[PDB]
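To start, the structure itself, in structure tokens.
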Amino acid sequence: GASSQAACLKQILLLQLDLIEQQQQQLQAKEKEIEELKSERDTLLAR
Amino acid sequence: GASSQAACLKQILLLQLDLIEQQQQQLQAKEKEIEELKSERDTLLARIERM
Amino acid sequence: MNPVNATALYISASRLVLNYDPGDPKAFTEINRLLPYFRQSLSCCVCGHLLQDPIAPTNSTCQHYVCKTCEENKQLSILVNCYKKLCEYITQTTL
Amino acid sequence: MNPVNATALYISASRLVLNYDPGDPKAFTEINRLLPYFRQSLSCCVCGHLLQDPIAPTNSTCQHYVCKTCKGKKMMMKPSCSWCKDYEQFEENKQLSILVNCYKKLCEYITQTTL
Ligand SMILES: [Zn+2]
Ligand SMILES: [Zn+2]
Ligand SMILES: [Zn+2]
Ligand SMILES: [Zn+2]
């Protein structure tokens with residue numbers, strides 16, 4: 001009964017955990033894409 | 001027993017959901033800032049063309 | 001490129017199922033209205049069925065996703081699994 | 001600036017706690033050793049207490065946080081961090097609040113699975 005619900009909720013919790021991790025790594029990647037266009041834009045301003 | 005545990009998992013689950021949501025909003029912000037910086041970059045490029 | 005429609009709909013659906021208020025006589029029909037749209041958001045543009053091994057474009061925000069059998073996006077995969085487990089929990093409990 | 005360390009540690013701790021095997025003589029110690037760093041990432045730099053109204057530096061990525069009722073007070077770690085000097089610089093951080101609540105509910109689960 002409630003142990004099937006618990007055994008299910010654990011799995012969906014783990015799944016959401018994986019999703020959160022992927023979103024973190026993507027936010028980081030986009031942070032790099034920003035810092036790059038920022039340095040590039042700055043060096044182009046200097047040029 | 002399993003009631004307090006499953007009822008605990010539900011709450012921590014909803015909270016995790018709220019987290020996923022806030023991260024999504026951050027990603028959208030990053031997308032908009034990247035695209036703005038990209039168009040701005042492209043127009044700042046045309047500055048070289050006018051030599 | 002991440003999927004906004006899919007994640008947003010997953011949040012809405014999960015929030016609806018997990019906050020099922022036994023006392024709101026309109027909750028079940030709400031979950032029932034939202035569930036097919038969440039199902040649509042994760043479907044294959046060739047098959048029509050639920051995405052098997054998702055692949056997405058990186059230059060646009062096309063919202064168009066296709067199977068590997070038909071650039072792999074991990075978010076889409078995790079979300080397909082999310083849909084499966086949410087469906088499993090919906091089948092297990094009665095609302 | 002979002003909490004990178006705090007989310008990393010939340011993922012680690014949650015994964016270890018949720019895959020808990022009492023048949024593994026190694027899992028318990030792993031959880032006990034990863035866990036103090038995870039609470040640290042959500043501790044206040046004036047209090048030591050769990051971040052009450054999280055105010056997180058946009059100034060840098062030094063990732064040292066304080067409570068809203070803890071602005072303008074001296075930070076605990078000495079030598080003091082050079083980046084968090086400007087107290088006029090941090091804003092409220094939603095991700096941190098969500099993570100604090102996550103930690104509290106996670107502990108509520110851990111005390112249940114231990115007992
Ligand atoms: Zn297909
Ligand atoms: Zn398209
Ligand atoms: Zn404090
Ligand atoms: Zn600092």
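Letters A, B, ... go to the chains of the structure tokens in the order shown; residues in each chain start at 1; ligands are counted from 1 in the same order.
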
Inset, instruction - Using only C-alpha atoms and all ligand atoms, find each protein or nucleic acid residue lying at most 8 Å from ligand 2; present the set as a list in words. - result: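 Here is the list of contacting residues: residues 60, 61, 62, 63 and 64 of chain C.
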
Legend entry - Neighbour list for region 92-109 of chain D as JSON, numbers by chain, cut-off 9 Å, only C-alpha atoms, skip fewer than 4 positions in-chain: {"B": [5, 8, 9, 11, 12, 15, 16, 18, 19, 22, 23], "D": [1, 2, 3, 6, 7, 10, 13, 14, 17, 38, 39, 42, 50, 51, 52, 53, 54, 55, 56, 57, 68, 113, 114]}

How would the residues just picked look written out with C-alpha atoms as an mmCIF file, in the first residue's frame?
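Contents of result.cif, as written:
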data_model
loop_
_atom_site.group_PDB
_atom_site.id
_atom_site.type_symbol
_atom_site.label_atom_id
_atom_site.label_comp_id
_atom_site.auth_asym_id
_atom_site.auth_seq_id
_atom_site.Cartn_x
_atom_site.Cartn_y
_atom_site.Cartn_z
ATOM 1 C CA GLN B 5 7.939 8.731 5.804
ATOM 2 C CA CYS B 8 7.838 13.461 4.393
ATOM 3 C CA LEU B 9 8.920 12.391 0.884
ATOM 4 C CA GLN B 11 7.004 17.506 1.047
ATOM 5 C CA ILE B 12 10.704 17.186 0.157
ATOM 6 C CA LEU B 15 10.334 21.514 -2.373
ATOM 7 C CA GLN B 16 12.615 19.917 -4.982
ATOM 8 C CA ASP B 18 10.196 24.519 -6.427
ATOM 9 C CA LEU B 19 13.991 24.294 -6.875
ATOM 10 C CA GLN B 22 13.723 28.522 -9.863
ATOM 11 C CA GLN B 23 16.587 26.996 -11.864
ATOM 12 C CA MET D 1 25.142 34.503 -8.135
ATOM 13 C CA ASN D 2 23.618 31.095 -7.369
ATOM 14 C CA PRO D 3 24.889 28.571 -4.760
ATOM 15 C CA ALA D 6 25.351 24.057 -1.817
ATOM 16 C CA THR D 7 23.491 22.412 -4.709
ATOM 17 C CA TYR D 10 22.634 18.693 -1.665
ATOM 18 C CA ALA D 13 23.851 14.006 0.391
ATOM 19 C CA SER D 14 20.389 13.301 -1.022
ATOM 20 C CA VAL D 17 20.653 9.164 1.992
ATOM 21 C CA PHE D 38 26.525 20.323 3.426
ATOM 22 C CA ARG D 39 25.263 22.035 6.590
ATOM 23 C CA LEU D 42 23.956 26.621 4.382
ATOM 24 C CA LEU D 50 21.217 27.754 9.411
ATOM 25 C CA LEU D 51 20.693 30.580 6.910
ATOM 26 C CA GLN D 52 17.532 32.352 8.065
ATOM 27 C CA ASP D 53 16.877 34.943 5.364
ATOM 28 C CA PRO D 54 19.658 34.109 2.901
ATOM 29 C CA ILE D 55 21.530 37.112 1.528
ATOM 30 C CA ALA D 56 24.065 35.992 -1.076
ATOM 31 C CA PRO D 57 26.909 38.029 -2.647
ATOM 32 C CA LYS D 68 19.049 39.232 6.470
ATOM 33 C CA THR D 113 15.417 6.309 8.855
ATOM 34 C CA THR D 114 17.964 6.170 11.687
#

Inset, instruction - Identify, counting only C-alpha atoms and all ligand atoms, the protein, DNA and RNA residues located within 10 Å of ligand 4, and give them as a ChimeraX atom specification. - result: /D:45,56-57,59-65,75,77,80-86

Inset, instruction - Give the residues close to ligand 3, within 7 Å, counting only C-alpha atoms and all ligand atoms; write them as a PyMOL selection string. - result: chain D and resi 44-49+51-52+66-67+69-70

Inset, instruction - Check every protein, DNA and RNA residue against ligand 1, keep those with an atom at most 10 Å away (counting only C-alpha atoms and all ligand atoms), and present them as a list in words. - result: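 If we count only C-alpha atoms and all ligand atoms, the neighbours of ligand 1 turn out to be residues 43, 44, 45, 46, 47, 48, 49, 50, 51, 52, 53, 54, 55, 65, 66, 67, 68, 69 and 70 of chain C.
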
Inset, instruction - Run DSSP on the backbone of this structure and report the residues of chain C it assigns to helix (DSSP H, G or I), as a ChimeraX atom specification. - result: /C:4-18,27-40,74-92

Inset, instruction - Record the distance separating CA of residue 35 (chain A) and CA of residue 5 (chain D), expressed in Å with one decimal. - result: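 So the two atoms, CA of residue 35 (chain A) and CA of residue 5 (chain D), lie 19.6 Å apart.
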
Inset, instruction - Once DSSP has gone over the backbone, tell me which residues of chain D are in strand (DSSP E or B), as number ranges by chain. - result: D: 43, 50, 55-56, 66, 91-92

Inset, instruction - Return the neighbours of chain B among the residues of chain C, cut-off 12 Å, counting only C-alpha atoms, as number ranges by chain. - result: C: 1-20, 58-61, 75, 79, 82, 86, 89

Find the nearest atom pair between each residue of chain A and chain B for residues within 9 Å, count only C-alpha atoms, give distances in Å to one decimal, sort rows by chain and ascending number, and present the table as CSV.
residue,atom,partner,partner_atom,distance
A:2,CA,B:2,CA,6.3
A:3,CA,B:2,CA,6.3
A:5,CA,B:6,CA,7.1
A:6,CA,B:6,CA,5.0
A:7,CA,B:6,CA,8.7
A:9,CA,B:9,CA,6.5
A:10,CA,B:9,CA,7.2
A:12,CA,B:13,CA,8.2
A:13,CA,B:13,CA,6.0
A:16,CA,B:16,CA,7.1
A:17,CA,B:16,CA,7.7
A:19,CA,B:20,CA,7.6
A:20,CA,B:20,CA,5.9
A:23,CA,B:23,CA,6.9
A:24,CA,B:23,CA,7.7
A:26,CA,B:27,CA,8.0
A:27,CA,B:27,CA,6.0
A:30,CA,B:30,CA,6.5
A:31,CA,B:30,CA,7.5
A:33,CA,B:34,CA,7.4
A:34,CA,B:34,CA,6.1
A:37,CA,B:37,CA,7.1
A:38,CA,B:37,CA,8.0
A:40,CA,B:41,CA,8.8
A:41,CA,B:41,CA,6.4
A:44,CA,B:45,CA,8.2
A:45,CA,B:44,CA,8.3

Now that the selection is made, can you save its residues with N, CA, C and O atoms as an mmCIF file, in the first residue's frame?
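Contents of result_24.cif, freshly written:
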data_model
loop_
_atom_site.group_PDB
_atom_site.id
_atom_site.type_symbol
_atom_site.label_atom_id
_atom_site.label_comp_id
_atom_site.auth_asym_id
_atom_site.auth_seq_id
_atom_site.Cartn_x
_atom_site.Cartn_y
_atom_site.Cartn_z
ATOM 1 N N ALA A 2 1.086 1.802 1.194
ATOM 2 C CA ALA A 2 1.841 3.047 1.369
ATOM 3 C C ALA A 2 3.342 2.871 1.121
ATOM 4 O O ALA A 2 4.059 3.855 0.892
ATOM 5 N N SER A 3 3.798 1.618 1.174
ATOM 6 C CA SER A 3 5.195 1.267 0.916
ATOM 7 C C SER A 3 5.507 1.218 -0.583
ATOM 8 O O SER A 3 6.658 1.411 -0.991
ATOM 9 N N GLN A 5 3.842 3.363 -2.591
ATOM 10 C CA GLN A 5 3.857 4.814 -2.755
ATOM 11 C C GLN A 5 5.197 5.398 -2.336
ATOM 12 O O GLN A 5 5.715 6.288 -3.000
ATOM 13 N N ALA A 6 5.748 4.899 -1.232
ATOM 14 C CA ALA A 6 7.046 5.356 -0.736
ATOM 15 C C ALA A 6 8.188 4.921 -1.656
ATOM 16 O O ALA A 6 9.098 5.708 -1.950
ATOM 17 N N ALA A 7 8.126 3.671 -2.114
ATOM 18 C CA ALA A 7 9.124 3.126 -3.033
ATOM 19 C C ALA A 7 9.079 3.820 -4.389
ATOM 20 O O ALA A 7 10.083 3.859 -5.101
ATOM 21 N N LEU A 9 7.839 7.206 -4.711
ATOM 22 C CA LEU A 9 8.239 8.575 -4.393
ATOM 23 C C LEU A 9 9.752 8.718 -4.226
ATOM 24 O O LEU A 9 10.318 9.749 -4.585
ATOM 25 N N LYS A 10 10.403 7.686 -3.690
ATOM 26 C CA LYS A 10 11.864 7.673 -3.637
ATOM 27 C C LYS A 10 12.468 7.762 -5.038
ATOM 28 O O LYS A 10 13.397 8.542 -5.279
ATOM 29 N N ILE A 12 11.010 8.815 -7.967
ATOM 30 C CA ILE A 12 10.744 10.127 -8.575
ATOM 31 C C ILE A 12 11.594 11.249 -7.945
ATOM 32 O O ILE A 12 12.011 12.181 -8.638
ATOM 33 N N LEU A 13 11.869 11.132 -6.647
ATOM 34 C CA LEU A 13 12.756 12.064 -5.947
ATOM 35 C C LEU A 13 14.177 11.989 -6.510
ATOM 36 O O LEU A 13 14.812 13.018 -6.769
ATOM 37 N N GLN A 16 14.121 13.619 -10.069
ATOM 38 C CA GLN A 16 14.162 15.076 -9.935
ATOM 39 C C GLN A 16 15.545 15.552 -9.523
ATOM 40 O O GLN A 16 15.985 16.617 -9.943
ATOM 41 N N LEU A 17 16.217 14.760 -8.692
ATOM 42 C CA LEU A 17 17.586 15.049 -8.271
ATOM 43 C C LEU A 17 18.532 15.077 -9.482
ATOM 44 O O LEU A 17 19.337 16.010 -9.644
ATOM 45 N N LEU A 19 17.590 15.596 -12.618
ATOM 46 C CA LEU A 19 17.179 16.781 -13.377
ATOM 47 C C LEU A 19 17.833 18.057 -12.839
ATOM 48 O O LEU A 19 18.381 18.851 -13.610
ATOM 49 N N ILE A 20 17.790 18.238 -11.520
ATOM 50 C CA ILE A 20 18.424 19.387 -10.868
ATOM 51 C C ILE A 20 19.912 19.445 -11.203
ATOM 52 O O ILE A 20 20.434 20.517 -11.526
ATOM 53 N N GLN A 23 20.422 20.588 -14.873
ATOM 54 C CA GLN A 23 20.163 22.023 -14.934
ATOM 55 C C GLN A 23 21.319 22.847 -14.360
ATOM 56 O O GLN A 23 21.657 23.890 -14.911
ATOM 57 N N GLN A 24 21.917 22.377 -13.265
ATOM 58 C CA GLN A 24 23.106 23.022 -12.701
ATOM 59 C C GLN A 24 24.260 23.064 -13.698
ATOM 60 O O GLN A 24 24.893 24.117 -13.905
ATOM 61 N N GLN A 26 24.143 22.812 -16.935
ATOM 62 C CA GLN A 26 23.761 23.715 -18.032
ATOM 63 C C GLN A 26 23.884 25.202 -17.692
ATOM 64 O O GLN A 26 24.435 25.969 -18.480
ATOM 65 N N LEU A 27 23.375 25.604 -16.530
ATOM 66 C CA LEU A 27 23.587 26.958 -16.023
ATOM 67 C C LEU A 27 25.071 27.323 -15.993
ATOM 68 O O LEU A 27 25.441 28.454 -16.313
ATOM 69 N N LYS A 30 26.296 27.884 -19.633
ATOM 70 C CA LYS A 30 25.843 29.189 -20.090
ATOM 71 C C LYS A 30 26.604 30.323 -19.415
ATOM 72 O O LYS A 30 26.869 31.335 -20.046
ATOM 73 N N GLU A 31 26.990 30.141 -18.153
ATOM 74 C CA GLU A 31 27.871 31.109 -17.488
ATOM 75 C C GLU A 31 29.195 31.261 -18.238
ATOM 76 O O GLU A 31 29.694 32.380 -18.400
ATOM 77 N N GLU A 33 29.604 30.589 -21.513
ATOM 78 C CA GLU A 33 29.259 31.271 -22.763
ATOM 79 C C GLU A 33 29.097 32.784 -22.568
ATOM 80 O O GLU A 33 29.392 33.558 -23.474
ATOM 81 N N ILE A 34 28.642 33.203 -21.389
ATOM 82 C CA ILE A 34 28.567 34.630 -21.072
ATOM 83 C C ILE A 34 29.960 35.228 -20.859
ATOM 84 O O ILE A 34 30.298 36.223 -21.495
ATOM 85 N N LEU A 37 31.829 35.692 -24.238
ATOM 86 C CA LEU A 37 31.342 36.831 -25.021
ATOM 87 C C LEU A 37 31.658 38.160 -24.340
ATOM 88 O O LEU A 37 31.737 39.190 -24.998
ATOM 89 N N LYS A 38 31.861 38.117 -23.026
ATOM 90 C CA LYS A 38 32.202 39.294 -22.233
ATOM 91 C C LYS A 38 33.664 39.697 -22.446
ATOM 92 O O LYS A 38 33.959 40.867 -22.722
ATOM 93 N N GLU A 40 35.570 38.631 -24.948
ATOM 94 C CA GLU A 40 35.625 38.870 -26.390
ATOM 95 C C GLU A 40 35.140 40.278 -26.732
ATOM 96 O O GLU A 40 35.795 41.004 -27.490
ATOM 97 N N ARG A 41 33.992 40.653 -26.171
ATOM 98 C CA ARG A 41 33.435 41.987 -26.371
ATOM 99 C C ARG A 41 34.394 43.065 -25.849
ATOM 100 O O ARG A 41 34.592 44.087 -26.506
ATOM 101 N N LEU A 44 37.462 43.341 -28.112
ATOM 102 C CA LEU A 44 36.991 44.008 -29.329
ATOM 103 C C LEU A 44 36.784 45.512 -29.112
ATOM 104 O O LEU A 44 36.989 46.308 -30.032
ATOM 105 N N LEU A 45 36.369 45.892 -27.901
ATOM 106 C CA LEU A 45 36.260 47.307 -27.523
ATOM 107 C C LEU A 45 37.643 47.951 -27.473
ATOM 108 O O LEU A 45 37.812 49.089 -27.914
#

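Counting from CA of residue 85 (chain C), the distance to CA of residue 22 (chain C) is 21.9 Å.
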
Legend entry - Proximal residues of chain D relative to chain A (only C-alpha atoms; 8 Å) as a list in words: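 Per the criterion, chain D yields residues 4, 8, 11, 14, 15 and 18 of chain D.
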
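CA of residue 71 (chain C) sits 6.8 Å away from CA of residue 57 (chain C).
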
Inset, instruction - Fewer than 4 positions away in the same chain doesn't count, so skip those; otherwise give me all residues within 8 Å of residue 88 (chain C), counting only C-alpha atoms, as a ChimeraX atom specification. - result: /A:8 /C:84,92
